[PDB]
Amino acid sequence: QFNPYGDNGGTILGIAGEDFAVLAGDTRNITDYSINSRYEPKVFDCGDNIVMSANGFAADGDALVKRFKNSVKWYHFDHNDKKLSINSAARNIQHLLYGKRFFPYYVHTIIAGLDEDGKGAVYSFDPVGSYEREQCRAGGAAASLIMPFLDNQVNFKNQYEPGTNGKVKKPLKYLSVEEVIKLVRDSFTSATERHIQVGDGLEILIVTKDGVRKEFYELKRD
Amino acid sequence: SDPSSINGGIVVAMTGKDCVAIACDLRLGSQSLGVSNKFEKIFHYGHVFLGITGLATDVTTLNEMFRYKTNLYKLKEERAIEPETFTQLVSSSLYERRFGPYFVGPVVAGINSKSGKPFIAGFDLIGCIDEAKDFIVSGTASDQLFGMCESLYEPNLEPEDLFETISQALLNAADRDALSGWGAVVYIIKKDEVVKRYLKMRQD
Amino acid sequence: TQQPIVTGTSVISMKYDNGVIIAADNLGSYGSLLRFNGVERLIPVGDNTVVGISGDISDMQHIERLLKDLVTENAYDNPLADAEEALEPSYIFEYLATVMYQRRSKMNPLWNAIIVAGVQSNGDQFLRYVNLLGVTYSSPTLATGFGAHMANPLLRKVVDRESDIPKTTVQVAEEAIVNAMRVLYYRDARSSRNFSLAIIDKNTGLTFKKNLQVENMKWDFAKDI
Amino acid sequence: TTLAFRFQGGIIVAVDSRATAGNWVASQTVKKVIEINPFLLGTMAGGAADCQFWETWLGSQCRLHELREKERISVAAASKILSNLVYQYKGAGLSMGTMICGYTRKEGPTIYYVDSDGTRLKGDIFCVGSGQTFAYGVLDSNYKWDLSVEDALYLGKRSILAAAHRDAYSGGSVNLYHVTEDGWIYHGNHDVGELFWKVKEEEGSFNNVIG
Amino acid sequence: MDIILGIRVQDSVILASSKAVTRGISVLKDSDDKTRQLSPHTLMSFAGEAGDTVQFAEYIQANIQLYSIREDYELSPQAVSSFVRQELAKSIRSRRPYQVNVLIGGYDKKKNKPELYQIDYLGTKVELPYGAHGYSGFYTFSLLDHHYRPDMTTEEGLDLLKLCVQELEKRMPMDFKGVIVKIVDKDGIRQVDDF
Amino acid sequence: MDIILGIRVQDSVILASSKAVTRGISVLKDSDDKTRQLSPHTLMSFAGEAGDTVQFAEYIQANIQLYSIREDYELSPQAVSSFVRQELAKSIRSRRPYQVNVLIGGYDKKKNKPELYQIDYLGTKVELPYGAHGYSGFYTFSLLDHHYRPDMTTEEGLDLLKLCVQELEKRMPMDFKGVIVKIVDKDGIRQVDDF
Amino acid sequence: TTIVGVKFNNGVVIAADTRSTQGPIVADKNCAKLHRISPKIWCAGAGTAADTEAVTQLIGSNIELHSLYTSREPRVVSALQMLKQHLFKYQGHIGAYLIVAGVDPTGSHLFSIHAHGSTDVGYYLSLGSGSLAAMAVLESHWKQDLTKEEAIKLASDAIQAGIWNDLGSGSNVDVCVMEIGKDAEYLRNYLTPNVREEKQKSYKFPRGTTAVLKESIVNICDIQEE
Amino acid sequence: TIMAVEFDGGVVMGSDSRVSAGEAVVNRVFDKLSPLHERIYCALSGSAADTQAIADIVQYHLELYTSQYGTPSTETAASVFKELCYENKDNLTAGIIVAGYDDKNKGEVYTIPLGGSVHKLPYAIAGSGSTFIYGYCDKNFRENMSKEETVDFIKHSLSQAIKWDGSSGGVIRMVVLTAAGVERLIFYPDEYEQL
Amino acid sequence: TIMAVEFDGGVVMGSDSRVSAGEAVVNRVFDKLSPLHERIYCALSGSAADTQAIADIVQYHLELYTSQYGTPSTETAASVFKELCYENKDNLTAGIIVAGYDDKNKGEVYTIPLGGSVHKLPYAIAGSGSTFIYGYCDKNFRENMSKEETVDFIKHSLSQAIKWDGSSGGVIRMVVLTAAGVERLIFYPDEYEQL
């Protein structure tokens, strides 16, 4: 019987700062136990200061990014070159995904950029289009290895003030871009060690009021 | 249906500078229903500690079995079984049921009384030994425990730092599994003193 | 939904300093029967692109017609068809990828794995893969079916990362491809000795070699066992 | 776990904030009450996507109603748009359990249970989802018509906490709502992380747990 | 089947167990005692597959009564529960496992302390302040989580159980034809004849 | 499917219908009216799959109300039942059949006679002196076969229905939370409030 | 798993990767797949990790006893035969895939064995998820009259192919060199090409960071005198 | 691909050298001809495990027979194979050709297909490759061929079977069983492909 | 069993004459060589219904072609079969050989297997009986044979296929396609069995 889905592996990571956001993804593409590519970009600048990744089935991920990129083009045409806001982008993507409710895109989607107040925004979706704004989100293969680390090292969970014996929680502060990139790099070093589908390369897209910057880091190739 | 995830729960162990730690959540559920907040998964035979995750009936049966086996070991050898040897006894004992296994994820931790060397080990359900230096994880939130440990863990931690690291690795792993949590215990083990701590964690 | 009937095995390919190489055996298998011994699975498009196809040979013959019909159509009302508005590798690829993903999305796929090998207008090497699922990826080396397991490890010892490409000559690249085809003959139960190889070089153009043979085979050690 | 009950002082609506992918906890901070308009709330249990998509849509149908008829839609009508929509989709595998809670002048305070089998029920009390039985146990055994607004809000919060505790697939926090003739009022987000301990200490309950 | 509750109070244990026996679309009996005295200070309630329930209950009873005669002594609730658990844990890997869940309510005359054990057909044992098997737990656990206190009297214990049966008569689909209630204390086992 | 009874006596048809609505392990509601007035002198009770039951009943109610306006006239009970059977008979060979069973109780003002029609989801129609859908029948048919008389008053037909409801409360596995009872006679449709 | 065995002029060499995995997760980053049946007979295993380890130890034991009863150095053909009759009796249910290699009075030997009980002879062999990657390198570079130095290189290169190109294989290269008239030499972590780089951050927390409900001391010791 | 041919001077056995797992070639230079006695060989086809386990047992049975009753007849070797293959037919995938040279009966060939029946034949072909050469072998076989003719007939036959069968390849090994003893022949791709 | 062979003079097609329904022979003297045009013929293998349905449509299309564009190439006939077979691959069990004679191109053989693929070959074999003659046909086919050599090669080839295949048999019909036109040949069992 023909199976129209596959699994291309990989893992992605979205972190919202105060006046920036990052969307990172390994550049490894796999099927079963074979490597297809050591550098197949998965995180895309979609214009309007929005970065997007659809991790899972690369055919479905590529199709969705393509359709959303088109949606941004047709929004400029239809609404007088108006900037598509991240909250509006997320609602459009909910409709793109839910459109295929009874033959889903097998992807976990994260988008990132700034909200209309200039603050860092991360939104994450299920395959069938359910979605929430979040300070943190890992998706794909190593999501279970990375999320817990981010609950601890981004929203200071299960961390208390020493000598308050659990009365006072560690106060939740915004992180520098330098501190966020460190938690991203450490997340993908850890993920590469303990997951066979993650490795080769790390690509980070950083979104500020000045635009989209890229950083690349080598990962272990085994 | 999948016996290893009816009751739920997790164990983790870690090595430090002349010490080990082993910790477990306290949950026993029947799938969605929480039943008990007091189901400890870490037992001890002399100075050797065994954590066991999986089907709770088997957790209990294996603990009853290894108590039995280490008691006779001690009467005949005239000394307490050491961690290395007990590890072989667990592996032997599980492999005996190769075609009818105990649905468990055992974890051994303890200090060799003669070499002073910290020791940890884990096993699949048919007794394949994993003897990592760094850390061992087991249970319904194993994926999570691997993620927390691999990022948090550094070698040669002092007992009071190690306590923080294994506590934070377990707590944050458990908050991301529906079938773990409901309380937690951490054992800090040195060559001749063992501190047992109950952790304050969320009850959902 | 169908099942593949007459099949072709591995297609194998790599970039080198000044272009790309692609090779594939000349066998149409029929389950375990090695039925058809003169099948050409490298299908050139213009003088700057070769498409290599593995999987169902009925679906390959269809895809070959689609490519012949794409050349005709691009020449229609197009005075620059042999110059600036000639078909590029990247155009031919994107068309195939569109068709493959659309066909899988109607639950009626073209039961194939495809590798588009060519040099662009600007002289850049093009090498991209697509299959019956519409999954696509690029890499300094690409192989299908068995070739993924055995050809890529050998070809990646020559071009492990992008930076290796400009250091790889055509003679080194071709030697690696020829050796890889020998290893696949030894080890793939549905391979043949007889294959085709195409070089697309940004200076010397398209070189298409038919009726190559695996030689320098080691069978000597057999008598001792 | 989600509940809503009618009393002397209007309607109490309370939900947890957990999303599950099998045994994987996907989020602790998810919203399960959609504010359709100032006098109309919808609760969400089931398929995360089915609930978000068809309930923000219901919001759009309710807006078009008031433009077309120059009048805010009856809870009866708002609920029946949704129950007629899921009824169209019956056997296609939509998974939705909702309470449409609101006030209008013609109806008074009104709750309608709507589920993806196409059941639609009016009633004074409902609990919906994996932890409804848990919430039902605390709610049913403390519920009087003549609760104060303060007591009802607390019984609603405590009924969720109860389910947050026992049900493996409920938790995170409690979102609280009070609906009056003057519309809905949000009464905050209460993390079970702090609420379980505060409630245990203050009430002397939850003795089953290591204190 | 379906309704067996246990609550351990200050100085007693209270077992409440449904009177209905239903095969197909008929309630055959409405007065069924789903309990066996194992010893004068240990009572076992049981629910599960037809036949297996009583065959397991009566089997355990006969063993505990044998131990009692042989040693002219009464095993602790802890000892009885451990015996019972091991029997189930042995059954679960048998040709045809006993499909039976039990509560064991006993007064320990040595420790002067009531004890409730909950054991499932797999041999999963836990000591609880309150317990239930099957669907009942879905209602009664969250209820007791709110209303229970360790230092409750037997009279408070019985009021707390009435709350549990009412909640079950309101929200359960089947008619379990009420419960039989029995108190295990320092003076033994007695049936509450009005509930 | 829940419990729905009907019984035609001398000069009225009486419809008794359970109040429980049950979803999995929870009774969501215990006051549900499983009935739509089709016209002033024709009542239809219904039981079957969730959604389908109300959706089918309301659809029929709309269609008869429409007729009643158009002709300024009330279709006979016979005519309404023929209409309802034909919709179900059309429904069974549809893409997704209506999974609903109905009793239609009607007072024909022309012939001055009560009429009870039993119709299953296949469109199987029968005129009966008493009828039931689902497991209810298995107890109530033999019972009414004993007691029922053709010339009974409405009071006698209500006592005869108390017998049927007691037998079901005694021997049925499920708690159906009693019945709402309605009387269709020459003066229309009324509800007994105490039963 | 990727294992190879390569015969040479005066002996046989055996090599393996050092990664053990539970599904797509890595359990042991520096696992040891190179097991000892007798002092001069080593094998390496793929498939069910427990099954291969049980079967090595059981046949290692019986070979040790046989060697004592016969007063002879044990032979590979014996380990081979015992393994294949055990695995065949169990009809594939003992998921043990082994490359077995030794030196004995008869000379140097190299055999493979599959879970169903089939056996294989050759001058080079590969096994596991990585076997096709390894066999590509072996088929490309193997010649008659390999020296010890060439056979180790060819063995490690064949494991490396597995490490890089197979997701089921990774970490380090373990080697054992069994040369005629010499002690077996087991080169644990021969190659070490996958060391984790320094992390950007220490996650050592401040003491007090965790909330504690109850402390207590546990007696590990036996009951004391007086 | 395996065959045996009985000629003037004795008998010749021939095989390909391919062991495959699915479409992967596990060994491309395996020896499928195995000695049972000094001048009694088998050619194995089917499961690698099943054929080897059997061949090992038949070796043992003839070694024991030789110790007790001296050289067994090729017929006796065939019988041992038949007996094993027939009694274990539900768990064996093994197709065997047995060829032998005694001094009384000279060259004999026996074939044992899946069932475990035995067939004495002038020549036998078997294995996946054989299907493609039934026509060629039938039109080319003669009785009373020379050694040079028989080796040629078998070279050509297996040459064709290798070409057409994906489950056959490598070298063609043969074994010549005459009064003079046992001779081992190998033929490589370059020699046989250009036939 | 069907084959076509291209020789000097033109091209020859041949087939067996057996139609079977499981192990029953429904017709033993059927003609499987069907004319598409005056000097273009097809040989049918597969489902009797699917091969007939398709051959009738191809014949229709070439009759239309002939009206409008004149006598079609052998290639063009192959093409129409390819199109039907490929576009309808999920509901067809048909394997077709197409042989014809132009005066430009002379003899031409095309084969369309189950795929819907098309192959131009000097000779082609297909049908169940073809598996057994791959060896024979490969070894015996030369280029530029005479008519009589080509008839012999086919008679020998199909005799083997009939002898070994249970699904083939009866008579061998052939059709010789040359500039002279169309010669129909038949060979009976007593002729070809003794080859």
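A, B, C, D, E, F, G, H and I label the chains in the order they appear, each numbered from 1.
The working rule: a residue touches a chain if its C-beta (ideal position, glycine included) is under 8 Å from a C-beta of that chain, and two chains touch if they have at least 3 such contacts.
**Q** Along the shortest chain of touching chains, how many steps lie between chain C and chain D?
**A** Tracing touching chains, the least step count from chain C to chain D comes to 2.
**Q** What chains touch chain D and also chain F?
**A** E
**Q** Tell me, please, which chain's centre (mean of its C-alpha atoms) is farthest from the centre of chain B?
**A** I
**Q** Most central chain by CA mean?
**A** A
**Q** Find the geometric centre of each of chain C and chain H from their Cα atoms only, then give the gap between the two centres in Å, rounded to an integer.
**A** 41
**Q** Chain D to chain E: how many Å between their CA centres?
**A** The answer is 36 Å.
**Q** Averaged over CA atoms, how far is the centre of chain C from the centre of chain I? Could you give it in whole Å?
**A** Each chain's C-alpha centroid was found; their separation is 34 Å.
**Q** When you check chain F against every other chain, which residues touch at least two of them?
**A** Touching at least two other chains: 25-26.
**Q** For chain G, give me the residues that contact two or more of the other chains.
**A** Counting only residues that touch two or more other chains, chain G contributes 25, 29, 122, 132, 164-165, 199, 203, 205-207, 209-214.
**Q** Which parts of chain B, given as residue numbers and ranges, touch two or more other chains?
**A** In chain B, residues 33-34, 38, 143, 146, 151-152, 167-168, 171, 175-176, 198, 200-201 touch at least two other chains, as defined above.
**Q** Where on chain H is chain C touching in the complex?
**A** Against chain C, the touching part of chain H is residues 17-18, 20, 22-25, 28-31, 128, 132, 163-167, 169-171, 173, 184, 186, 188-190, 193.
**Q** Within the complex, which stretch of chain B touches chain G?
**A** Its residues touching chain G are 44, 46-47, 80, 94-95, 98-99, 122, 124, 126-133, 142-143, 146, 151-152, 154, 157, 160-161, 163-165, 167-168, 171, 187, 192-201.
**Q** Residue numbers of chain E touching chain B in their complex, please.
**A** Interface residues on the chain E side: 85-86, 88-89, 92-93, 118, 120, 122-128, 131, 137-138, 141.
**Q** Where on chain F is chain D touching in the complex?
**A** Touching chain D: residues 21, 23, 25-26, 28-29, 31-32, 49-52, 54-55, 96 of chain F.
**Q** Can you check the complex and tell me which residues of chain E touch chain F?
**A** 22, 25-27, 30, 135, 138, 169-175
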